[PDB]
Amino acid sequence: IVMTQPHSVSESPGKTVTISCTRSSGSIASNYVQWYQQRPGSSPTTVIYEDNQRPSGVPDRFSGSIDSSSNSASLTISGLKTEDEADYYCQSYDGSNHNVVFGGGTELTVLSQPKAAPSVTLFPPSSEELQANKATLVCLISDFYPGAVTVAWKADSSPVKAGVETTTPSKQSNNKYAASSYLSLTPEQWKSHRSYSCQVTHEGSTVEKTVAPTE
Amino acid sequence: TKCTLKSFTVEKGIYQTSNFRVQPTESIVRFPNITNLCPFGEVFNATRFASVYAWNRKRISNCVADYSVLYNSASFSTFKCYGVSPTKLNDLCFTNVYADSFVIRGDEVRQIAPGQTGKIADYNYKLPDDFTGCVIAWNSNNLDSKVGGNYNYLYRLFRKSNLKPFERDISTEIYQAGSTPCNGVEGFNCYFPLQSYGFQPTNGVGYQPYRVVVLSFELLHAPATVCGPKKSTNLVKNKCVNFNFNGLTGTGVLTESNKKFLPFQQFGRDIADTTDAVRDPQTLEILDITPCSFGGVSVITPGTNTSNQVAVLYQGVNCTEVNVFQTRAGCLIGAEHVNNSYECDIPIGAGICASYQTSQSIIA
Amino acid sequence: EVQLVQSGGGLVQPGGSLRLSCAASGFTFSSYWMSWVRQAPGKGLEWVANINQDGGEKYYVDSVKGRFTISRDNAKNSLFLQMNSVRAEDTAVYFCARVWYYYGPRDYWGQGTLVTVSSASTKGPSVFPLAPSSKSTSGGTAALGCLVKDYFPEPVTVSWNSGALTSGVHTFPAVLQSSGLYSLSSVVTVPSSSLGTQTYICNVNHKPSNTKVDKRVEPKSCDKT
Ligand SMILES: *[C@@H]1O[C@H](CO)[C@@H](O)[C@H](O)[C@H]1NC(C)=O
Ligand SMILES: *[C@@H]1O[C@H](CO)[C@@H](O)[C@H](O)[C@H]1NC(C)=O
Ligand SMILES: *[C@@H]1O[C@H](CO)[C@@H](O)[C@H](O)[C@H]1NC(C)=O
């Protein structure tokens, strides 16, 4: 048994966009459906429980219904503003073996920053770190609103992807991100490739920049 | 005093100004032990049921239906209500409770709901639109795993007439496909209105004993006969409070007394037909009742011509529930007690008089 | 009115475990159920286990069945969760929340316990600058930063000259490589006018160790700019 839930969703302040939560086995009208909200950096809180009703304190804009068509649920979150941009989870008691199954989460955000193309900035290794065999590859990009960073790596002759790992972006001052990438290197195999290009197709250009391994 | 006398210059004497009264601070609610519990235990784990369509009805009478055992257990599987709010069932009183119960399988739990009709909409017990109640269906595969697949809860199927809300589909009429009636045993397009059970434990997960006890509610003009228990607060003494006993309701202090009531005697009354004693509902202790301190306020002034300082005299009140000097007629606040005896100038009561002498201050 | 707190662990290791204690106060801790829910970093929520009123039943999940022991003392109004033989996938933040009723949600949650498993204990790491020379002096947004690798805890707050050469720093968290390798790096914007004027000196703020060594960066001003 698992609770399906969309990964991310984004829009502008305006009409409402409901969040779906489809079950996998059993019936949805056999138990209650709750919706929790977890603020980044604090403890979760209950917003709506027993979707046919709503508790006090929370404004009546947060509404939800029950869809018994394919054992799913909907949370019609109305009034999209800045104080509602957070994460939400799904929960419904289904396990007959005394198990509480939870959802996957969401990334409901807003739209306030304009569209901008991220710059391609590749950083070559240095000499102080290159004592015997040690270096890194920094292709940090900036000036981009969407957090779905999609970059690539190629040493001018092959899309090297061994040990691919990206850096988690952080919230900048004016609602920006600093997503980077960190690909694994070759300590004793620096003479195999004398160039390293960093390609990026994060909704924009595709210009690649080359560097030198050790000079 | 000047406002009550409607003047600016008053003479010597004691004048009545107002009438003060102490207000109750808090309230105390006392109810006896919660006895006479409703026999809801024999509804879930008891002998087998009669049949599916031949479900038995168990009405409810004057009792104490505690809900702290329904939504606080784990033996059940489904607890989906339809506008009942079990969190507030302890503060809601009903009059008609329908304790319907029958036997179904795991796949038939979905078909029994006001929002999902079908096989159980015209062939077995049907649910109304409102249906103020919660469905209670648990997996009964604990000991209902007998061999052979005993088919005794034969449910009637393929019935023409639709089933009415809160009724049974008892009709011994063979299934006719639209031809002449056979009037026999599976004759010309005939089928007996019975279906064979036998969901053995080695048959499947969906085919298991899932005895469901349907519970609903209904309000009528009759007085509330079935309702949940009530709450009770902590006992407080020696304070002007507002007691809220089972049969008594009023204000006054609640102190201890040496009176002894009879086993059946509960209340307490004086000669003037006034309540003066109450018995504790929870424990066995006679609590005395006494009205809180009241009375008028009087001032003792030596005249605005001589001076302007005055005193107050709360008549009939103790000096604890209000310099201060307990007299035989109240608490004269604002005067000193001198042992020297002089002529009475301003009468106060019980021989005590006041005067403006020597540094100048009101003496008593 | 209900304000729950929990503590009793800052760092664990394989084999050696501890016992989490959730102090119950404010409300009446005699008519409500209790259950633990953990949250993995970058994941959702997972139901750990449940517990009865005082000693009725202790329901566990099939994942941790056999290596977790839950308890609850109704007398002192406390909830104890003792662990044993901590696995590798148990790296998650645990939350304490009371259960209103067995078929309902949780009213008040706890505060979170940072319980993580990581080898490669406290040691002396090194910092290495970026030295942007090849295609970053004039192509794109010119910037530069530092790099802190192979450091066990996370107390580092990378600054520039202790607040003397700051022009806008956007520091992002690090990430675990295999089991104990964390690669932290900072970045600061430069108007591309003082690359060969003032030499940059990055400083580390490691609390356990003393990473006060400012590694000199070598701007290759003769190659491109
Ligand atoms: C039957 O079920 C009730 C649930 O209210 C439970 O309290 C009781 O222990 C069970 N067993 C008997 C023999 O009543
Ligand atoms: C039942 O009544 C007795 C009589 O004093 C009292 O001591 C006891 O506390 C009562 N039971 C409960 C559960 O309050
Ligand atoms: C007034 O209250 C005090 C304080 O308990 C008490 O001792 C006294 O008997 C009461 N009555 C009078 C007339 O003082």
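Residues numbered from 1 in each chain as written, not as in the entry; some residues may be left out. Chains lettered and ligands numbered in written order. Part of a larger assembly, values for the part shown. Heavy atoms only, no water. Residues with missing side-chain atoms left out of burial classes, pairs and counts.

Per the secondary structure count, chain B includes 2 helices and 20 strands. A globule of 364 residues ought to have a C-alpha radius of gyration of about 21 Å, yet chain B, at 38 Å, is considerably larger. Taken over the C-alpha atoms alone, chain B extends approximately 125 × 45 × 40 Å along its principal axes. (Helix = DSSP H or I, 4+ residues; strand = E, 2+ residues; numbered from the N terminus. Rg over C-alpha atoms; globule rule 2.2 N^0.38 Å.)

What follows is about the environment of B:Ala50. Residue and element names in this part refer to chain B. Mapping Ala-50 onto the fold places it in the loop between β2 (27–28) and β3 (63–64). With a relative accessible area of 58%, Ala-50 lands in the exposed category. With 52 residues separating them in the primary sequence, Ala-50 and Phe-102 have C-alpha atoms 7.6 Å apart. (Buried < 20%, exposed > 50% of the residue type's maximum accessible area, 1.4 Å probe, protein only.)

Moving on: the site of ligand 3. Residue and element names in this part refer to chain B. Close to ligand 3 lie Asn-318, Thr-320 and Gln-326. Note that an oxygen atom of ligand 3 is positioned 2.4 Å from one of the side-chain N or O atoms of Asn-318. In isolation ligand 3 offers 350 Å² of accessible surface; the protein chains occlude 29% of this area. (Near = heavy atom within 4 Å. Polar contact = N/O pair within 3.5 Å; in protein donor to acceptor, adjacent residues only side chain to side chain. Areas by Shrake-Rupley, 256 points an atom, 1.4 Å probe, with all protein chains shown as cover.)

This brings us to the state of the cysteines. All names here are of chain B. Taken as a whole, this structure holds 11 disulfides over all chains when the rule is applied. Here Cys-38 is linked by a disulfide to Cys-63, with a sulfur-sulfur distance of 2.0 Å. Because the torsion about its S-S bond is -80°, the bridge between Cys-38 and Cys-63 counts as left-handed. Linking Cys-38 in the loop between β2 and β3 with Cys-63 in strand β3, this pair joins segments that are 25 residues apart in sequence. A single burial state applies to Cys-38 and to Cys-63, both of which are buried. Counting its disulfide-bonded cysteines in sequence order, chain C shows a connectivity of 1-2, 3-4. (Disulfide = S-S within 2.5 Å.)

Turning to the interface of chain B and chain A, a few remarks are in order. On the side of chain A, 13 residues touch chain B, which itself brings 11 residues to the contact. Summed over both partners, the interface of chain B with chain A buries about 990 Å², with 46% contributed by carbon and sulfur atoms. Its largest share of buried area at the contact with chain A, chain B owes to B:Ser77, B:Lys80 and B:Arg110, together 45% of the area lost on that side. Viewed at the interface, chain A and chain B are joined by 0 salt bridges. Residues that form the side of chain B that touches chain A fall into these classes: 4 nonpolar, 5 polar and 2 charged. (Contact = heavy atoms within 4.5 Å. Buried area = accessible area lost by both parts, 1.4 Å probe. Salt bridge = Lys/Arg side-chain N within 4 Å of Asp/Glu carboxyl O. Nonpolar A, V, L, I, M, F, W, Y, C, P; charged D, E, K, R; others polar.)

Turning our eyes to something else, we now look at the layout of surface pockets. Space inside the second largest pocket adds up to approximately 670 Å³. Residue lining of the second largest pocket: 29 residues in total, with A:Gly26, A:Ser27, A:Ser30, B:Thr78 and B:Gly106 positioned closest to the centre. Of all the elements in the fold, those that place two or more residues in the lining of the second largest pocket are β7 (87–95) of chain A together with β6 (135–137) of chain B. Among the elements that make up the lining of the second largest pocket, the one with the highest residue count is β7(A) (3 residues). The class makeup of the residues in the lining of the second largest pocket is 10 nonpolar, 15 polar and 4 charged. (1 Å grid on protein atoms, 1.4 Å probe; cavity = no way out; pocket = protein on both sides within 12 Å on 5 of 7 lines; lining within 4 Å. Points joined across faces, edges and corners; volume = space filled by probe spheres on them.)

Glancing now at the site of ligand 2. Residue and element names in this part refer to chain B. Every residue close to ligand 2 is listed here: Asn-33, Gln-282 and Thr-283. Measuring from an oxygen atom of ligand 2, one finds a side-chain N or O atom of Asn-33 at 2.4 Å. In this structure, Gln-282 approaches ligand 2 through a main-chain N or O atom, which is 3.5 Å from an oxygen atom.

All names here are of chain C. Residue position: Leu-11 is located in the loop between β1 (5–7) and β2 (19–23). Linking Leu-11 and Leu-176, residues 165 residues apart in sequence, is a C-alpha distance of 16 Å. Filtering out sequence-adjacent residues up to four positions away, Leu-11 remains in contact with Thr-116 and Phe-152.

Turning to the side chain of A:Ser74, a few remarks are in order. All names here are of chain A. With respect to the secondary-structure elements, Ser-74 resides in strand β6 (residues 72–75). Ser-74 sits in the buried class, given a relative accessible area of 16%. Filtering out sequence-adjacent residues up to four positions away, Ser-74 remains in contact with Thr-18, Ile-19, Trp-35, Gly-64 and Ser-65.

Residue and element names in this part refer to chain A. The 3 strands are arranged β10-β13-β14 in an open sheet whose pairing can be described as antiparallel. A strand with exactly one partner marks an edge of an open sheet, and here the two such strands are β10 (151–154) and β14 (210–211). With 2 bridges joining them, strand β13 (residues 196–200) and β14 adopt antiparallel strand pairing. Counterpart to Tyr-196 in the pairing with β14 is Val-211. (Pairing = 2+ DSSP bridges.)

Right, let's talk about the UniProt feature "disulfide bond" in chain B for a bit. All names here are of chain B. Judged by the under 2.5 Å criterion, the sulfur atoms of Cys-38 and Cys-63, which UniProt pairs in a disulfide, are close enough at 2.0 Å to be bonded in these coordinates. Of the residues examined, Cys-38 reaches a relative accessible area of 13% and is grouped as buried. Judged by the under 2.5 Å criterion, the sulfur atoms of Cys-81 and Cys-134, which UniProt pairs in a disulfide, are close enough at 2.0 Å to be bonded in these coordinates. With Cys-81 in the loop between β3 and β4 (93–94) and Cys-134 in the loop between α2 (119–122) and β6, this residue pair connects regions lying 53 residues apart in the sequence. (UniProt positions renumbered as here; feature names shortened; annotations may be inferred.)

With that out of the way, let us pick up the side chain of A:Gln172. Tracing the sequence through the fold places A:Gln172 in the loop between β11 (166–167) and β12 (180–181). A residue is classified by how much of its surface remains accessible, and A:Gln172, at 12% relative accessible area, is buried. Separated by 3.0 Å, the side chains of A:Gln172 and C:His170 make a polar contact. Once residues lying within four places of it in the same chain are set aside, the contact partners of A:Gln172 are A:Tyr177, A:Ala178 and C:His170.

Glancing now at empty space enclosed by the protein. In this structure, the largest cavity occupies an estimated 220 Å³ of space. In terms of lining, the largest cavity is formed by 22 residues, of which the most central are C:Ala131, C:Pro132, C:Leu144, C:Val217 and C:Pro219. Each residue belonging to the lining of the largest cavity can be placed in one class, and the counts come to 15 nonpolar, 5 polar and 2 charged. One number sums up the size of the second largest cavity: a volume of about 170 Å³. Lining the second largest cavity are 16 residues; nearest its centre among them are A:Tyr93, A:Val100, C:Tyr102, C:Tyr103 and C:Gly104. Looking at the lining of the second largest cavity, the elements with two or more residues in it are β7 and β8 (99–102) of chain A together with β4 (45–51) of chain C. Here the lining of the second largest cavity is composed, by residue class, of 8 nonpolar, 7 polar and 1 charged.

Looking now at unusual backbone geometry. Within the chain, B:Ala350 stands out as a residue other than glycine whose phi angle is a positive 55°. The class for B:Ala350 is exposed, based on a relative accessible area of 65%. Positive phi, normally seen in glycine, also occurs at C:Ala120, with a value near 60°. Judged by its relative accessible area of 42%, C:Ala120 is partly exposed.

Turning our eyes to something else, we now look at the pairing of strand β15 (residues 294–301) of chain B. Residues and elements named next belong to chain B. Extensive coverage of β15 is indicated by the burial of 7 of its 8 residues. In the sheet, strand β1 (residues 13–21) pairs with β15 via 8 bridges, with the strands oriented antiparallel. Residue pairing for β15: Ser-18 is matched across the bridge by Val-297. As defined by bridge partners, β15 adjoins strand β16 (residues 311–315) across 4 bridges and the pair is classed as antiparallel. What sits directly across from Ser-298, in β16, is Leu-313.

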